[PDB]
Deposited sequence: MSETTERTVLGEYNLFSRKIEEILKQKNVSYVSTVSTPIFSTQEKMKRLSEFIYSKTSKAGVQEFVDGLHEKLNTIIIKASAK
C-alpha cells in the first residue's frame, strides 16, 4: 500500500536525475532544491450541480 507513493517518488527521482544530466551537459550551473513530492496534508458537472442543490437546501432550511 505504498506502491503508489513508491511509484511517484521513483518517477520524480528519474526525472530529477535527467534534469541534472541536462544541466551538467550543456552547461555548468548549480544544484536544484525542490523538495521531493509528499502525500499528506467523465462528466463531473452532475456532482457540482448535486452539491449546489444540497447546499441551497441547507441554506434555506437555515432561515
property: Unmodelled ranges, which are counted on the deposited sequence from position 1 and given in order; result: 1, 43-59, 82-83
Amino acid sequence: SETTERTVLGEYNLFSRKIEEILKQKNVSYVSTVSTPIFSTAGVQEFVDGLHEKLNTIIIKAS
From here on, numbers count along this sequence of modelled residues.
| query | finding |
| --- | --- |
| Given 21-29 and 8-16, the range whose Cα B-factors average higher in the PDB entry | 21-29 |
| Entry-reported Cα temperature factor of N56, expressed as the chain third it lands in | lowest |
